Amino acid sequence: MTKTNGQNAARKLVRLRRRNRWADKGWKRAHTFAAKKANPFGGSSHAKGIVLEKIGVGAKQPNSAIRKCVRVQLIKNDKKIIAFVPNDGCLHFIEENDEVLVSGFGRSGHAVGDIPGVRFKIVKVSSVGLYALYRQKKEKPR
Amino acid sequence: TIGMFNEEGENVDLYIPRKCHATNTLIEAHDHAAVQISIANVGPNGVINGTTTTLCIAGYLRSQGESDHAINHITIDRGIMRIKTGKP
Amino acid sequence: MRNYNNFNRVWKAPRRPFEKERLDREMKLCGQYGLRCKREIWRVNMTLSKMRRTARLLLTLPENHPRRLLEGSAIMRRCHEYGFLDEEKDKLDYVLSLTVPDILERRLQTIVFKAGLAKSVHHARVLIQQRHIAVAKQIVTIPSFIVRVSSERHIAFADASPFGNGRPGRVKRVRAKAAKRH
Amino acid sequence: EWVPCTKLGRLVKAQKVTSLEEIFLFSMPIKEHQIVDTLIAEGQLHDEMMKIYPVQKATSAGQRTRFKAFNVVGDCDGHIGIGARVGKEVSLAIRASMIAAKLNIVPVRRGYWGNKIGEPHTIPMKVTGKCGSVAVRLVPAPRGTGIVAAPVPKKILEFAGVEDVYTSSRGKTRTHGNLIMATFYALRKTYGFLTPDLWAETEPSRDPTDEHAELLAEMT
RNA sequence: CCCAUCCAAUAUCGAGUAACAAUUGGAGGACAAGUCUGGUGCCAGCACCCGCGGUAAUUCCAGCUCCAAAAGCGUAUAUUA
RNA sequence: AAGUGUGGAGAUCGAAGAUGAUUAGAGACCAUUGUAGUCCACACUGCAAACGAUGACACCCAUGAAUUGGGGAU
RNA sequence: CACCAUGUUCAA
Ligand SMILES: NC[C@@H]1O[C@H](O[C@H]2[C@@H](O)[C@H](O[C@@H]3[C@@H](O)[C@H](N)C[C@H](N)[C@H]3O[C@H]3O[C@H](CO)[C@@H](O)[C@H](O)[C@H]3N)O[C@@H]2CO)[C@H](N)[C@@H](O)[C@@H]1O
Ligand SMILES: [Mg+2]
Ligand SMILES: [Mg+2]
Ligand SMILES: [Mg+2]
Ligand SMILES: [Mg+2]
Ligand SMILES: [Mg+2]
Ligand SMILES: [Mg+2]
């Protein structure tokens, strides 16, 4: 009950497939422009921003902590986002009005497990790497 | 001369299996309903000889109910069982 | 920018990086042949994979086809030339049976161990890389040098090496200077 | 010792049935695992456990727990058998699956892809086998391919004597209880397909229990 | 410049802790590799996913010891399988 | 089916609403009512678990009770 | 066929 044969039925099969590829959430995201115009990074990776304020986001059930994260405002398009600060400590390396280099983390913008509504991640603060500051490879300028 | 060969003419496979005499169906090793039935060849005085006619039937054919129709069709062909009365 | 010199990749990393059966075989191959890293095994995989793939294409082709007489007599020629197959093996179905230790036996690190010029396979890799073995009066400093069959007769010490007919090496020579100032 | 109860095991112990293909010919159930290790040589018969996983039964006051063990057995020359038993201790169910895997021993037809030149490297035709939703399909491969399969069918296809094969798997293969028994059902179908080699008429034989009926009555 | 050749051709400097010192990610599972010791006590943090952490943590912070790839190795975003 | 428009009809049941009662509360179930509706004509709507949760047209397909309409034998 | 509503968060 599914599809058509016929030696001259190729226009039917070409039209049939081009509409059913829009139902694929990978094909539709790769071929519509709401994907990049609403992505806070401009269809790119690692956008810079300025730290505005520090937030403690409480973990989801069944976990219980508060996740240390900053809210930053990106430079390329002035979009306010909340981004996580990975490691033990590490808001001690971030002050307000710091330029931070913010990547996503994990899952193509889908909020890695415990943290609710945070889908970006601090990589580098004041143009020195944030994991290099944790392991004390080098220290902050100024 | 049955079973696959080598291009050197040695019989490569183990176990050439039986085939159903009704349906020509190759009898598998786990087909535990498949039976052989040996029918005694008998002589002119009505006493059995030392030779028997053996016919083997596959297991699905017995499962349906169609084996008894197949034993008739075989033994008419082999000449074992007569198809009708003689004329009075 | 307008440079047309070519380059490709010679090895490939395996799918499934943690297979306990595969990781045990390759540590045996790093020990029995004195190898630096798993990547030297992995190019011997790709070298043999490409032979195993072309020779499996040619058997799809019939005999008395042009691409099987030519180029099927080339792949049997380079197996016989480099010692991958002895001269009895001539049917092209033996390239499909070659293994990674069949290729690793033809490295200059292995023959210098097998000919007897070194005590261990880690003695052989030092003496190649420290400029002691000449294949045809040609100092070869490459351990992955695949030795041909005709080259086996002529592997010896280098004529410039201290172990051959050359000047004495460093520890004798810097000691011969210290006995000279006195 | 081992005293047999079935007539087949009486004839195996008496060396009246000499090989295992004399049982496969007459479709006889084995019913005694001492038949198999008698007929197959002891060093030429390999076994190892495929999977062990626990299955639980909700009861009043908690769960009951028994371990379901999968074993595969076979020399790598066309005999394969898989058995799945369960038990309270993990050591009992491993031992019971060894007993079970020998009872399910079954032959594998092997053949050629292209020309015929030696021992058969592959299965003689495309065959699928289905248990649950998991159906594996086994396709003949050329002479130097290897077994191209997932590592649970690949270990079964090594023990069955198949040297080069292509393999697909259609659905929920992470269920290994049905993935194991679908590779077994597919290799079991290799003597079910009627090829024009086997078109010829073969002369009928006599059952080992037909022929040796006078000897078996002397055990009573 | 580099590489290559050379430490006499009468006559050329040089390894030892070869200190001339390998790193990057891991050790519950997938996924290779600790029922080790110290600390913290649903905190701090880890965790792609499943999950860890509530005073005996196989998962955090560390020391040891191992595993993996190795002059490399993590991470992020695209993209093919 | 509910709903809408214009005319009829208006017996009974009855969304809304009104009284009783139950209840911690009762805006509900239960009792008494009662408007729109129910019913017809002519227009409009086109929203169902509009179901067999099974698209249409062909093909092959084992068995035994029955059943509806047509035809044929006794 | 009177009335009969509810039981914090993880974990075992
Ligand atoms: N979810 C984030 C994932 O991260 C990936 O990002 C990268 C890495 O995480 C990943 O690195 C993997 C490494 O994790 C894994 N342990 C081993 C693997 N060899 C690495 O792969 C990388 O390194 C090798 C060098 O051998 C390169 O040759 C190879 O091209 C490269 N992909 O390869 C990717 C290349 O940088 C994917 N880009 C991304 O699509 C995916 O979503
Ligand atoms: Mg020199
Ligand atoms: Mg501890
Ligand atoms: Mg640790
Ligand atoms: Mg009441
Ligand atoms: Mg009323
Ligand atoms: Mg309440």
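Residue numbers start from 1 in every chain, and the chains themselves are labelled A, B, ... in the order their sequence lines are given, proteins ahead of strands.
As judged by a 4.0 angstrom heavy-atom cut-off over every strand, A:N87 is placed among residues touching the sugar-phosphate backbone only. Note on A:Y134: only backbone sugar-phosphate atoms sit closer than 4.0 angstrom, heavy atoms only; bases stay farther off. Residue contacts shown for C:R131 are limited to sugar-phosphate atoms, with no base heavy atom under 4.0 Å away. Across all strands shown, C:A13 has no heavy atoms under 4.0 Å from either base or sugar-phosphate atoms.
Taking only side-chain nitrogens and oxygens, A:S108 comes nearer than 4.0 Å to OP1 or OP2 of E:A78. Look at C:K20 and you'll find a side-chain N or O under 4.0 angstrom from OP1 or OP2 of E:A33.
For residues 63-76 of chain B, proximity to RNA chain E is found at no residue, defined as any non-hydrogen atom under 4.0 angstrom from a strand atom. Near RNA chain G, meaning a heavy atom under 4.0 Å from it, residues 45-73 of chain A has A:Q61, A:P62 in order of number.
Aromatic ring pairs are classed by plane angle as parallel below 30°, tilted from 30° to 60° and perpendicular above 60°; the pair C:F163 and C:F157 is perpendicular.
Of the inter-residue distances, the one linking A:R67 atom CZ with A:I115 atom CD1 reads 6.0 Å to the nearest 0.5 angstrom. Considering CZ of A:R29 and CG of A:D24, their distance stands at 11.0 Å, rounded to 0.5 Å. Residue C:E19 holds its CD atom at 10.0 Å from CZ of C:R25, rounded to the nearest 0.5 Å. Here the NZ-CD1 distance, from D:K155 to D:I180, works out to 11.5 Å after rounding to the nearest 0.5 Å. If you take CD1 on B:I57 and OG1 on B:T23, they are separated by 7.5 Å, rounding to the nearest 0.5 Å. A distance of 6.0 Å separates CG of C:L104 from OH of C:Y33, quoted to the nearest 0.5 Å.
A search for side-chain contact (heavy atoms from CB on, under 4.5 Å) contacts involving C:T60 returns D:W113, not counting sequence neighbours. Residues meeting the side-chain contact (heavy atoms from CB on, under 4.5 Å) test with C:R181, sequence neighbours left out: C:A178. Partners of A:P62 according to the side-chain contact (heavy atoms from CB on, under 4.5 Å) rule, which considers only residues two or more places apart in sequence or in another chain, do not exist here.
Pair assignment for E:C52 gives E:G45, based on Watson-Crick or G-U wobble hydrogen-bonding distances that are each under 3.5 Å. Pairing of F:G5, defined by two Watson-Crick or G-U wobble distances under 3.5 Å, is identified with F:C42. Pairing for E:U23 is with E:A69, a Watson-Crick or G-U wobble pair whose two hydrogen-bonding atom distances lie under 3.5 Å. Nucleotide E:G39 forms a pair with E:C60, judged by Watson-Crick or G-U wobble geometry with both contacts under 3.5 Å. Across all strands shown, F:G71 has no partner, as no Watson-Crick or G-U wobble contact with both distances under 3.5 Å is found. In this structure, F:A21 forms no base pair with any nucleotide, since neither Watson-Crick nor G-U wobble geometry is met with both distances under 3.5 Å. With a 3.5 Å ceiling on both atom-pair distances, E:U10 lacks any Watson-Crick or G-U wobble partner. The partner of F:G34 is absent, by the rule that a Watson-Crick or G-U pair needs both atom distances under 3.5 Å.
On the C1' atoms, F:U35 is 10 Å away from F:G14, given to the nearest whole Å. Rounded to whole Å, the separation between the P atoms of E:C3 and E:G34 comes to 46 Å. Separating the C1' atom of F:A21 from that of F:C29 is a span of 12 Å, rounded to the nearest Å. Remark: the separation of the P atoms in E:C43 and G:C10 is 14 Å, to the nearest Å. One P atom belongs to E:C36, the other to E:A57, and the distance between them is 10 Å to the nearest Å. The same atom, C1', is picked in E:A70 and in E:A78; the two are 28 Å apart, to the nearest Å. Comparing E:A32 with E:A69, their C1' atoms are spaced 11 Å from each other, to the whole Å. The gap from the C1' atom of G:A11 to that of E:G53 amounts to 12 Å, rounded to the nearest Å.
One N or O on the side chain of C:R56 and one on the backbone of C:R52 form a donor-acceptor pair closer than 3.5 Å. The closest donor-acceptor contact from the side chain of A:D98 to the backbone of A:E95 lies under 3.5 Å.
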Can you give each donor-acceptor pair under 3.5 Å made by side-chain atoms of residues 51-61 of chain A, sequence neighbours left out, with the distance rounded to 0.1 Å?
from  : atom 1 : to    : atom 2 : distance (Å)
A:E53 : OE1    : A:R71 : NH1    : 3.0
A:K54 : NZ     : A:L91 : O      : 2.8
A:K54 : NZ     : A:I94 : O      : 3.0

Which atom pairs, one a donor and one an acceptor, fall under 3.5 Å between side chains of residues 120-138 of chain A and the rest of the protein, sequence neighbours left out?
from   : atom 1 : to     : atom 2 : distance (Å)
A:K121 : NZ     : A:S103 : OG     : 3.0
A:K121 : NZ     : A:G104 : O      : 2.9
A:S126 : OG     : A:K140 : NZ     : 3.4

What side-chain donor-acceptor pairs closer than 3.5 Å can you find for residues 121-129 of chain C, not counting sequence neighbours?
from   : atom 1 : to     : atom 2 : distance (Å)
C:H123 : ND1    : C:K119 : N      : 3.0
C:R125 : NH1    : C:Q109 : OE1    : 2.9
C:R125 : NH2    : C:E40  : OE2    : 3.1

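Pairing status of F:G14 against F:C51: not a Watson-Crick or G-U wobble pair with both distances under 3.5 Å. E:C66 and E:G26 are base-paired, meeting the Watson-Crick or G-U wobble geometry with both donor-acceptor distances under 3.5 Å.
Counting heavy atoms from C-beta on, the side chains of C:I142 and C:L108 never come closer than 4.5 Å. Considering only heavy atoms from C-beta on, A:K68 stays 4.5 Å or farther from A:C90 through its side chain.
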Which nucleotides of RNA chain G pair, in dot-bracket form (Watson-Crick or G-U under 3.5 Å, | meaning another strand): ............
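The closest side-chain donor-acceptor pair between C:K12 and C:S49, if any, does not fall under 3.5 angstrom.
With its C1'-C2'-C3'-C4' torsion above zero, E:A18 shows a north sugar pucker. Using the sign of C1'-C2'-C3'-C4' as the criterion, E:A57 is classed as south-puckered.
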Write down the protein N/O and nucleotide N/O pairs, taken from nucleotides 51-54 of chain F, whose separation is under 3.5 Å; answer none if there are no such pairs.
none

Encode nucleotides 9-22 of chain E as B, S and - characters from 5' to 3', where the letter depends on protein heavy atoms closer than 4.0 Å: B to the base, S only to sugar-phosphate, - to neither. S---BBB-------
Could you run down nucleotides 67-73 of chain E 5' to 3' and tag each one B, S or - for protein heavy-atom contact under 4.0 Å? -SSSSS-
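Each of A:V112 and A:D88 was assigned the nucleotide of RNA chain E with the nearest heavy atom; the assignment lying further toward the 5' end belongs to A:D88.
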